[PDB]
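The block underneath contains the structure these notes are about, expressed in structure tokens.
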Amino acid sequence: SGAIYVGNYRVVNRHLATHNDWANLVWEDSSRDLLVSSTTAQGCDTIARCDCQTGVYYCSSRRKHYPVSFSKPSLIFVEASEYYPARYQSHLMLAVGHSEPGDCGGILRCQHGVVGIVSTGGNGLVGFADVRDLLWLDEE
Ligand SMILES: [Zn+2]
């Protein structure tokens, strides 16, 4: 589990979105595993605006933050998980690292801020749903 809180926005994995998230929907995209809902309170996370390929992610299943290299956001074929079939996921970045289903929502961060959240795992790879292209999170 985990979210990003920027401005009046809450960013979560679409497959973990709550009723309250859907009842306050701003934007969602199944192909990215993302959903954004509106918040009453201001959040304090900063979204990275960059093309970094190194950062640190939180892995809840090891109680650890791991420094990783990660790939460019791309359309990647992902094996079946407990929450999606095998499919193409868009705007996904991979690193070599541990990722359980419960690790979804863990933050990947670089020097510029939050890059994205854990979305995929297996075969010794962790996949992150990029948010750096969602420039509208910075405004309105
Ligand atoms: Zn960066």
Side-chain angles (χ1 to χ4, degrees):
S1 67
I4 313 167
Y5 293 96
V6 55
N8 285 279
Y9 300 119
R10 162 174 147 96
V11 188
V12 289
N13 298 90
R14 183 184 188 278
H15 71 276
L16 298 179
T18 69
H19 167 77
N20 186 66
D21 287 327
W22 279 100
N24 292 282
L25 186 64
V26 174
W27 168 84
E28 58 76 32
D29 182 322
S30 166
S31 81
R32 299 181 61 153
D33 188 40
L34 289 180
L35 183 142
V36 179
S37 62
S38 61
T39 64
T40 60
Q42 288 293 110
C44 304
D45 293 328
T46 300
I47 308 300
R49 304 292 181 202
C50 67
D51 64 357
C52 292
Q53 285 190 247
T54 64
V56 172
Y57 84 100
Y58 185 57
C59 178
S60 55
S61 69
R62 300 282 179 274
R63 296 298 201 260
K64 270 208 61 147
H65 297 260
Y66 290 103
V68 288
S69 301
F70 56 94
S71 69
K72 295 191 163 290
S74 309
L75 182 71
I76 298 291
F77 196 73
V78 183
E79 289 309 313
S81 68
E82 69 173 44
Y83 47 88
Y84 285 122
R87 66 180 194 150
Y88 287 98
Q89 183 159 327
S90 72
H91 300 264
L92 186 68
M93 300 168 293
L94 301 180
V96 181
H98 189 61
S99 177
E100 309 277 357
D103 290 322
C104 284
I107 277 170
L108 172 67
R109 59 175 92 244
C110 68
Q111 74 186 91
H112 307 106
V114 174
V115 174
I117 51 172
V118 175
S119 177
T120 73
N123 256 341
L125 304 162
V126 49
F128 310 100
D130 184 52
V131 298
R132 292 180 294 182
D133 65 316
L134 301 177
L135 310 191
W136 52 264
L137 288 169
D138 295 349
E139 67 205 7
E140 150 93 317

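Numbers here are sequence positions counted from 1. Atom set for the values below is all heavy atoms of this structure, side chains included, hydrogens, waters and symmetry mates excluded.
Under a 3.5 Å cut-off, the side chain of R132 and the backbone N or O of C52 do form a donor-acceptor pair. No donor-acceptor pair closer than 3.5 Å links the side chain of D130 to the backbone N or O of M93. In this structure a side-chain-to-backbone donor-acceptor pair under 3.5 Å is missing from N8 to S38. Within the 3.5 Å criterion, the main-chain N or O of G127 finds a donor-acceptor partner in the side chain of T120. Remark: side-chain polar atoms of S69 are not paired, donor with acceptor, to backbone N or O of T54 under 3.5 angstrom. Checking side-chain atoms of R62 against main-chain N and O of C59 turns up no donor-acceptor pair under 3.5 Å. Although no hydrogens or angles enter the test, the distance criterion places a donor-acceptor pair under 3.5 Å between the side chain of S81 and the main chain of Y83. Distance alone, capped at 3.5 Å, places no donor-acceptor pair between the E79 side chain and the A86 backbone. Under the 3.5 Å distance criterion, the side-chain polar atoms of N13 are matched with a main-chain donor or acceptor of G105. For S74 (side chain) and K72 (main-chain N/O), a donor-acceptor pair under 3.5 Å exists by modelled atom type.
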query = Would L137 and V11 satisfy side chain to side chain contact (heavy atoms under 4.5 Å, CB included), going step by step from the backbone distance to the final call?
reply = CA-CA 9 Å; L137 288 169; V11 188; 4.0 Å; yes

request  = Apply side chain to side chain donor-acceptor pair (under 3.5 Å) to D33 and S119, showing your working.
outcome  = CA-CA 7 Å; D33 188 40; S119 177; 2.7 Å; yes

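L25 has its side chain within reach of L35: a pair of non-hydrogen atoms, C-beta onward, lies under 4.5 Å apart. Counting only heavy atoms from C-beta outward, the side chains of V126 and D103 never approach each other to under 4.5 Å.
With rounding to the nearest 0.5 angstrom, the CZ atom of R14 is 6.0 Å from the OH atom of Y84. The line from SG of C50 to NE2 of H112 is 5.5 Å long, rounded to the nearest 0.5 Å. Annotation: the span from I117 atom CD1 to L34 atom CG amounts to 5.5 Å, rounded to 0.5 Å.
Remark: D21 engages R10 in a salt bridge, criterion side-chain N to carboxylate O under 4.0 Å. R49 and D138 are joined by a salt bridge, as a carboxylate oxygen and a charged side-chain nitrogen come within less than 4.0 angstrom of each other. Here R109 does not pair with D45 in a salt bridge; the nearest charged N to carboxylate O distance is not below 4.0 Å.
The environment of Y88 atom OH is sparse: at most 12 non-hydrogen atoms of other residues, nucleotides or ligands sit within 6.0 angstrom. Heavy atoms from other residues, nucleotides or ligands lying under 6.0 Å from CD of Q42 number more than 12.
Under the 4.5 Å side-chain heavy-atom criterion for grouping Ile, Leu, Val, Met, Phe, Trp and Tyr, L134 is not connected to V115 through any hydrophobic cluster. In the hydrophobic clustering of ILVMFWY residues, with side-chain heavy atoms under 4.5 Å counting as a link, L92 and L75 come out apart. Hydrophobic cluster membership differs between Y58 and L108, with clusters built from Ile, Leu, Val, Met, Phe, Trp and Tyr side chains linked at under 4.5 angstrom. Placement of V12 and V26 in two distinct hydrophobic clusters is found when ILVMFWY residues are connected by side-chain heavy-atom separations under 4.5 Å, directly or transitively. Under the 4.5 Å side-chain heavy-atom criterion for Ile, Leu, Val, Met, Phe, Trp and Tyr, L94 and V118 are members of distinct hydrophobic clusters.
In this structure, the ring of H65 has its center no less than 6.0 angstrom from the ring center of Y57. Taking the ring centroids of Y9 and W136, they lie under the 6.0 Å cut-off.
The closest side-chain donor-acceptor pair between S31 and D29 falls under 3.5 angstrom.
Of all heavy-atom pairs between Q53 and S71, the closest is NE2-CA, 3.9 Å. Taking all atoms of both residues into account, the shortest heavy-atom contact from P67 to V56 is CA-CG2, 4.0 Å. Of all heavy-atom pairs between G55 and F70, the closest is N-CE2, 3.6 Å.
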